[PDB]
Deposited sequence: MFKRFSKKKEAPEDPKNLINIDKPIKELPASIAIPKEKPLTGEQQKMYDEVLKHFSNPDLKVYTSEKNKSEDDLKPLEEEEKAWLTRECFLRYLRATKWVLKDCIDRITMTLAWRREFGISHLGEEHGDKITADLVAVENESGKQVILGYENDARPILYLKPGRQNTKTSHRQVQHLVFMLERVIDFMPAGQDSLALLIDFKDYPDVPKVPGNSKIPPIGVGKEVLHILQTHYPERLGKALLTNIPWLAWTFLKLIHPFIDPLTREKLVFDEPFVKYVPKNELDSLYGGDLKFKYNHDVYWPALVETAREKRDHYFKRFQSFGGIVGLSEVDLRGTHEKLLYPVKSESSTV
């Protein structure tokens, strides 16, 4: 039953359906239109930095930034800000600024991103993070294996994290915009061997509505006890995202899941095979996305369903 695999799975298989989008209410539609109008302003200028935000340094949206400002981008921020228009606009604006500051505002090193595959590659050499497979709801899977840590604490560790989040996002199927994390806390002895605050700020400020599901395994009994103690007091919606003490096959198809966790995929991390495959696959996805964006006028507010798809006519025409 085992399937030997050493590279990311490039497409969502036909056997996993795309879940239907939660419908907008009439009023939600009206403030969506307000966010679109704000960011479609041809004269709009936004900050060039978050940590060094200055009212004296503002620059218009580049082509690649317009491609990031999608229908679904607006919706992620609208949901995250509980549909408060000013908070939504302010949040999108500060993420645009942070993406500039951080070196990822260009949708790929091929458009000038300072954060490159070469810069962060060494961080993945022990396979502490792996993009592989899709779950029941068509979310791409990112494995985090902190016990396979291979490098000293540094800001390159943060850059590596953001790079992979950006790549797992590249892997979203048309019609899905959240990911699933699979976190294995087991220590791996076979692997030899400020940042915390920065990682926290990025995760809570600049990736709204990305966490679809977090599957936790090999939790140390003490942390587990504290998790269980706190669990009844977590809000129901956040509560539902966390999975522990359950078979991962309840949430992931067997042929999409590492065999270490009950699945059918026999995966061994081989850097010189996996890494070029990941980088190339994501690059191909970006190229397609950006080519679609240009073919549809290169405007703000296009849908990721259209940008990541191949249909000739738009599913979500703008205005």
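Numbering the deposited sequence from 1, one finds several regions with no C-alpha coordinates, namely 1 to 16, 210 to 219, 346 to 351.
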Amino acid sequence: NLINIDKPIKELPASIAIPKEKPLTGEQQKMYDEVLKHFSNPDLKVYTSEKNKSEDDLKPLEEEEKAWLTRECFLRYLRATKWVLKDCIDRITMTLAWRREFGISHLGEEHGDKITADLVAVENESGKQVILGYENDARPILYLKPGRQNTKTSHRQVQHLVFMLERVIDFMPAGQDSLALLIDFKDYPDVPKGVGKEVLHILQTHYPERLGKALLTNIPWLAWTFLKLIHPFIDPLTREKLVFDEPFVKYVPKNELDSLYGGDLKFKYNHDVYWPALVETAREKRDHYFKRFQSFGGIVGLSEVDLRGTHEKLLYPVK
From here on, numbers count along this sequence of modelled residues.
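Comparing the deposited coordinates for 243 to 251 and 138 to 146, the stretch with the larger average C-alpha B-factor is 243 to 251. In this entry, 22 to 30 has the higher mean Cα B-factor, the comparison being between 22 to 30 and 272 to 280. The residue among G175, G212, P236, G103 whose C-alpha carries the highest B-factor in the deposited model is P236. Reading the B-factor column for the CA atoms of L181, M94, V130, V191 in the entry, the top value corresponds to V191.
Remark: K266 belongs to the highest third of its chain, ranked by C-alpha B-factor as recorded. Looking at the C-alpha B-factors along this chain, the one for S259 belongs to the highest third.
For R286, the recorded CA temperature factor ranks within the lowest third of the chain's modelled residues. Sorting the modelled residues of the chain by their CA temperature factor places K152 in the highest third. Compared with the other modelled residues of the chain, the Cα B-factor recorded for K186 ranks in the highest third.
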